[PDB]
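Worksheet for the structure shown next.
Laboratory data are not the source of any read-out in this text; all were calculated from the coordinates shown. Neighbour counts are summed over all protein chains in view; Cβ atoms, including those assigned to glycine, are modelled from backbone coordinates with ideal geometry.
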Amino acid sequence: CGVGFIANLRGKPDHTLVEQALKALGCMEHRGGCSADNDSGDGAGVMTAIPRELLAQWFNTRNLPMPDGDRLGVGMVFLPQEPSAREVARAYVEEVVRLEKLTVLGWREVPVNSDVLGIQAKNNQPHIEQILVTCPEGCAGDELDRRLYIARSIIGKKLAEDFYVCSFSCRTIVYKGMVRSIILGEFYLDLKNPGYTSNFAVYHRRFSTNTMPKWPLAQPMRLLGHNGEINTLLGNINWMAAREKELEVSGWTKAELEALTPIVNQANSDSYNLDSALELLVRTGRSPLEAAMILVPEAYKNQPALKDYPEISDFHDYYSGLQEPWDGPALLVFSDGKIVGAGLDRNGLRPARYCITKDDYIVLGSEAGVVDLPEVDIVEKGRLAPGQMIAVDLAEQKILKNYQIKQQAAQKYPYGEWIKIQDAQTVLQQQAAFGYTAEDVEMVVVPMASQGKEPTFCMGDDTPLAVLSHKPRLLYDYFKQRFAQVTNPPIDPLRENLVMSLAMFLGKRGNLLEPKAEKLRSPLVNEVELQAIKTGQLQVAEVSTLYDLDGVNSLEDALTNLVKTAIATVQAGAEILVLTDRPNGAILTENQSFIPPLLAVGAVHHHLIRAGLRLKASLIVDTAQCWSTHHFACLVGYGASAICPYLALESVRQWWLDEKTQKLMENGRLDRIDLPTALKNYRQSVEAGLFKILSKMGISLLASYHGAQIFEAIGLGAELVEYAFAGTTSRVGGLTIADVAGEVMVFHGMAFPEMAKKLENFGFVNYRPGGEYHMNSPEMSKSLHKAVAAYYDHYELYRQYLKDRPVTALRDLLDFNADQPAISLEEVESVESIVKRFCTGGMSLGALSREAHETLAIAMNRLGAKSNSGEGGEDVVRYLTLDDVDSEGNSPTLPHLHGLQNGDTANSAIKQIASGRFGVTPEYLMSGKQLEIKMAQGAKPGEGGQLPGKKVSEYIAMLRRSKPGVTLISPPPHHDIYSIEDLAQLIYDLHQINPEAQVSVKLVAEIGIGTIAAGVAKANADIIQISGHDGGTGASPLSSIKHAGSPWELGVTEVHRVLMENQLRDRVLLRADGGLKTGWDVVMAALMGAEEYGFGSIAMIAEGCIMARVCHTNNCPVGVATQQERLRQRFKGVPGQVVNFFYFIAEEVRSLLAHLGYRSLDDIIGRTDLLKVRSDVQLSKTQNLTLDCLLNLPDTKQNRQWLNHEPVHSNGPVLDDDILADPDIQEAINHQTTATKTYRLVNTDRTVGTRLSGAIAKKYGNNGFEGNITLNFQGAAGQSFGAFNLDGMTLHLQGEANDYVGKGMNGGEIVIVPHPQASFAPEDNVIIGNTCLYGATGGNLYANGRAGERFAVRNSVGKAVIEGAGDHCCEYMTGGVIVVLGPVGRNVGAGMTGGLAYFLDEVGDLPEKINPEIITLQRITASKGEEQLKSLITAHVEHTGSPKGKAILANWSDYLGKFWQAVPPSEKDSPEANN
Ligand SMILES: Cc1cc2nc3c(=O)[nH]c(=O)nc-3n(C[C@H](O)[C@H](O)[C@H](O)COP(=O)(O)O)c2cc1C
Ligand SMILES: O=C(O)CCC(=O)C(=O)O
Ligand code: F3S
């Protein structure tokens, strides 16, 4: 979406503002969507003051007295088109306007031209009419809106697509519709009418994830236009729904309050919901500025900027306990009529550029160059740093974040004033019965307790889903974590920890509305805090999670009674309910089992909610059954305010406090482990675990996580889910209450009536004889491998291992119900034809050895299929078909390879773009028949690439332009994709640089992917990849292998269906991958909707993976997943083998086609109706699963057109296209020429210069050009200005630019200069936006002005001088040189692992801001460092004329001192940080 305001202080309501808003909305177009029409908009809107002039002709024509300003008030109302319904409708507005003692003057029919609307909008269009109202008693301003508020709210009880109040106030009015932006003015005529005048305008342009517009949903709403995504919806909506009965405010009556009856409802959008919520705060006597602060608070903690402001730090300290953030990104813009303003989510996830004139004329908005002010008279050009607000007040004054936040610092204060004033070894079988397991303590608790980090591991979760498996499992194992993909971002929880927190308030929340004077550092509370708390504010009913045998018979009762016990205790004044399965001190054989703590914390949490009471107490879950990082998250997630994992905590104790261990600690394991460190380690490793899980969905605060329920349950039954975990999706739906009970009996069986010596081992993490199944195992793959080595019994073996398996995935419940007679293999399409649908699927040159990697690519190129360049670049030598192949099968070009033929090519068909952008280079981008945006991987959704240092050899270092020693933990998000629109920019950047190349976007299955996919389709992609939770990794956390992601049967299905219903299905080809290994897997994916098929792990196997499963270790015995030369030598493996393996898999498909009876996989895809539920299968745990989610897809028997895609989506006529047009193709093809060109840019001009880089690149690779094209520009640059810029390419920006300047930059120069006519101080004044220089690989960028957040995020080799910046300066930086001549946000070094950065920070405070975790703060001391800073502080002045630049130069001797230098230990010993 695009959002913005324009405000006018020192004029009176002109019509030009109104024109300006509309124009501006115009340049938001590329930020919004279109419906199936490609014509109707996902929405456009505008808030203004009542255009009291224009309405003057209404009263006039009717011969009526127009009421005062504050006493008119105007309902802008959408209404049914059918006349009789239109009247029914209108009689009601009036009924209820009447029913507050107000009076109707009548109604103005809103002049409109329906002819401009696209067909779908037009079919939808409500009939649109303004009701004009007044109050006889003499009500005005605040009381009248307050009353109207009550009225639009009552009218809101009957909300309909056909019946909806856009706005009803005496102060503000909304004109909106399902129109493309520049059409908004053509539809509504009022807006093009010079009697239309307003002191301001809030404008919004919508981008939806569907294709069926509903008019109410366009969006500047009643109070705000929101651009962003609440990523905690469900929680927030629950903690508001609970606030709802007990509202109290000043003379607000219990009858008026009750009238906003449900002010929040999960059926509406975060937006409607946010507006609503923020309304209730405003109409109840806070200004929208304050109400935003309560609801979308900055990250105050650690905030240098709050040194002089401790009042504000206390209002959050306060509000922090009361109201948890509405998280996710957000640029919020809102008006009261009294105030108009804007501010950001705590993270600054949306751009917000403002502009101010000598006459305090302001212009805020998503994009800089938008309303066009007369440059000469610009006073300030700024932006909102994270959490910053900026406003305007009718008393003619603008209002920057400081006053502002202080102004409600100041009042209702008690702030800080009141804040102040507020033995045997039964363990061995407790453990057993609670469900611990040999692998749980040995492979999980132990490592946390010993190293302080939950374990790393490798490969995919091979094993069946909790519900279909035959081995005991925890209830936790049914909940898969959800995570952010395109539609919002993850946050980096280690590099941006400073913004997170695990605080968790144990008091009861009161009135949000009534600020009266009248805490737990982490959720994990140790025995000490348990007592401490059990002293504390209130007394605290233990409620037996326990229950005796036979009498109270079943698990069902003890639930019924726990909740009743809970309900009852909370009424009786209990303000904390500690639910112990350890009540009064012990857990017997005949305490004959438990309530599972997840079940309990769910039940009491939803049943309290159901009781009006959830707000009264707050819950501690005191359980043995919690040890996992994921366990803790299930618990907080479904309600726990905190947790005391007493047995977990015990298991550290026994393990350390044991002879075996203490011994090895005397020599072997680390004896740096007094017990105080083992425990402080165990927890401290749980804390990093929670930070992680939240960051997977982009959530900063356990506080927010704590309502929400950021999970999808696979295999829980409908009743089970409502009773305990309400409103969680569970589409396959298995277990019942008794069913869970039976499982808890399975491992209670085994600690008690029997014996106890060591907890059982089922091979969950790793293949065992005794234990859980695994789609891949070392003996299984040894033989598959020997099969492909030849050209046989090994399939009898390999195929057999594949028969032996239980139920593992959802496809296993299905089977074929052919609708046509069996057919003949010779009619089926050839093996060569299928093979072209196969994809090796991208595993990183880091992670695999180049031997294994180049091999997949040569084999995949052979079959005429595709291979994928994981995430770690590609060696340029591969981009060349091979000449030199000799008799023996070898090539001097690739000596390490074997079995090569003369036409082979090791070049990846697909080039991956991932968060680190490691090899991401114009030629890279150009050697690629397709490009892949890696939103996420199966093994680890909300998380970045991971490559341990062990494995970062000089080769890799060189490839990634990063440092030899060092570990590569990529950023969770692309710093580049904070929203769907943002996605569309990267897709566009990439279609821009390689028009030829299809762009896929890779997403993991989870509920929500279908909506998201709809977005990716509208965002202009060519391919979407669904990856199951199944898939492999050469490294991930084990938690994530086993707990994040959902089956791809869910993914593919859901995307296929949504795509079809939204009529976007032709737009895109779908890849499915994750755990495919067999033709029947291909046929299952195909029926389910997939057109290509991806193979990682197996492809590896077929080259000679055993399943050592030591991938993240750099030990592959077998030469595949290592960088060790020794091991690499032992790589057996030739292209022929994988080539053959996919000939098998294809053959095997051809014959399924035969039993089924079609010629061509083209005939089966999404013929979901060919599937039926299997007759044999019975599982251990429930009677059955509901498979509606997989069987019920769009009939595809005749509608198969969607299966025809355009060869590649285009970016459109684009300015580069012309650039590339003039005498210009002579400066390229004549390898050396100067050319100059000059152009106006407007901010629709995006990625400019980029196509021409690709142009040169495609012919001279990155460094072969000696020409000198100088393109000079003027205006406001759109997104990605000067991306992927090459050598011999100079770009002048006369003006300003937006976000992503220099993205990808490889080579050459980008100079950006304010327009000369500015009377402002360049250095004090912003000129470039967020994430500039992202993954820069060469180049130098010179810019006269503050830049955005993330400056030079993943900068690998680019250089730059800018004059100031926001937060995260130099984020994951890794080489090159960055020079900043002005202030800079906090976190000023996060994970910057290589390269030099020089600041100049005169407030002296910089050291407080800097991220101290790896970078070190020096004073320039090396005289070769000065020689570095002066060259660039000079070069800047040469290219610009810089006013802070020139200053520093002829006062060189002075400024040089107090002014720091950033060194990574990595550069400690270079001729520029030493001597
Ligand atoms: C060794 C290894 C490295 C991988 N590297 C990447 C990576 O660089 N980027 C990515 O998106 N997926 C990566 N993956 C996942 C694959 O792209 C693919 O999604 C997955 O391996 C398919 O699941 P499967 O192993 O069950 O076939 C990797 C997987 C493994 C086995
Ligand atoms: O090679 C990398 O940069 C990381 C790839 C990854 O996370 C994986 O191997 O699963
Ligand atoms: S599991 Fe991995 S460590 Fe080796 S044998 Fe396979 S590549």
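What does the net charge come to around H1112 if you take all other residues with beta carbon closer than 10 Å to its beta carbon, with K and R at +1 and D and E at -1?
Working: positive: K950, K951, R1109; negative: none.
Taking every other residue near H1112 into account, the sum is +3.
Residue by residue, what Karplus-based ³J(HN,Hα) values in Hz, rounded to whole numbers, does the range 523-535 have, using 6.51, -1.76 and 1.60 with θ = phi - 60° and x for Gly and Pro?
Computed from phi, the couplings for the range 523-535 are x, 7, 10, 6, 2, 4, 5, 4, 3, 3, 3, 4, 8 Hz.
Check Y1239: other-chain or 5+ apart residues with amide H under 5 Å from its amide H, H built from backbone geometry?
Distant-sequence amide H within range of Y1239: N1272, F1273, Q1274.
If you count the DSSP beta bridges with both ends in the chain, what percent of them are antiparallel, to the nearest 5? Before the final figure, lay out each step's value.
Working: 82 of 159 bridges.
Restricted to the chain, the bridges split so that about 50 percent are antiparallel.
Neighbouring Cβ atoms within 10 Å as the yardstick, rank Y300, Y478 fewest first. Could the numbers behind the result be given before it?
Numbers: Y300 21, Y478 25.
The most exposed by this proxy come first: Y300, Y478.
For the range 869-995, what is the charge dipole size about the Cα centre, in debye to the nearest 20, if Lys and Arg each add +1 at the Cβ and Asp and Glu each add -1 at the Cβ?
In total the dipole reaches around 500 debye.
What is the magnitude of the charge dipole of the chain about its Cα centre, with +1 placed on the Cβ of each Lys and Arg, -1 on the Cβ of each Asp and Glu, and no other charges, expressed in debye to the nearest 20?
Values: 138 positive and 174 negative charges, 233 e Å.
That gives the chain a dipole magnitude of about 1120 debye.
Using the charge dipole of the chain (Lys, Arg: +1 at Cβ; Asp, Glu: -1 at Cβ; taken about the Cα centre), state which of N994, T1122, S181 has its Cα farthest towards the positive end.
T1122
Considering only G551, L538, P472, whose Cα is most displaced toward the positive end of the charge dipole of the range 458-556, charges sitting on Cβ of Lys, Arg (+1) and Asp, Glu (-1)?
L538
For the chain, how big is Rg over Rh, using alpha carbon atoms and the Kirkwood form of Rh? Write out the running numbers ahead of the final one.
Values: Rg = 32.1 Å, Rh = 33.6 Å.
The Rg/Rh ratio comes out at 0.96.
Any chance you could check the Cα centroid distance between the range 1378-1417 and the range 1252-1277 for me, in angstrom?
32 Å
Quick one: Karplus J couplings for the range 608-624, per residue in order, coefficients 6.51, -1.76, 1.60, θ = phi - 60°, nearest Hz, x for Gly and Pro?
Rounded to whole hertz, the list is 3, 3, 4, 10, x, 9, 2, 6, 8, 9, 9, 8, 9, 9, 9, 10, 5.
In the range 1213-1475, if every C-alpha pair distance is counted and binned at 5 Å from zero, what percent goes to each bin?
Percent of pairs per bin, in order: 1, 7, 14, 18, 19, 16, 11, 8, 4, 2, 0.
Arrange the following residues from fewest to most other Cβ atoms within 10 Å of their Cβ: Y705, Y795. Walk me through the intermediate numbers first.
Details: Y705 26, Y795 14.
Arranged by neighbour count, lowest to highest, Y705, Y795 become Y795, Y705.
In straight Cα distance, which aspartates and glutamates are under 12 Å from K1181, not counting same-chain residues fewer than 8 positions off?
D739, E743
So, with +1 on the Cβ of K and R and -1 on the Cβ of D and E, and no other charges, what is the size of the charge dipole of the range 1213-1475 about its Cα centre, to the nearest 20 debye? If you can, show how the numbers build up before the last one.
Details: 20 positive and 30 negative charges, 38 e Å.
So the magnitude is around 180 debye.
Would you list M843, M293 from fewest to most Cβ contacts within 10 Å?
Numbers: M843 29, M293 25.
Result, fewest neighbours first: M293, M843.
For the range 293-304, just list the computed ³J(HN,Hα) in residue order, Karplus coefficients 6.51, -1.76 and 1.60, θ = phi - 60°, integers in Hz, with x standing in for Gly and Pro.
Values per residue, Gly and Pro as x: 4, 3, 8, 9, x, 4, 7, 6, 3, 6, 10, x Hz.
Check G1389: other-chain or 5+ apart residues with amide H under 5 Å from its amide H, H built from backbone geometry?
Residues meeting the criterion, in which the H sits 1.01 Å from N, are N1411.
For the range 266-337 and the range 672-723, what is the centre-to-centre distance using only Cα atoms, to the nearest Å?
Rounded to whole Å, the Cα centres lie 25 Å apart.
Give the distance, in whole Å, between the Cα centre of the range 166-197 and the Cα centre of the range 371-393.
24 Å
Name the residue from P213, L1400, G1295 whose Cα lies farthest towards the positive end of the charge dipole of the chain, charges +1 on Cβ of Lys and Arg and -1 on Cβ of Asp and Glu.
The residue sitting farthest along the positive end of the dipole is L1400.
Would you work out if the range 558-702 is rounded, prolate or oblate? Take a ≥ b ≥ c from the square roots of the eigenvalues of the alpha-carbon gyration tensor; rounded if a/c is under 1.5, else prolate when a/b is larger than b/c, oblate otherwise.
Numbers: a/c = 2.96, a/b = 1.66, b/c = 1.78.
It is oblate, given that a/c is not under 1.5 and a/b is not larger than b/c.
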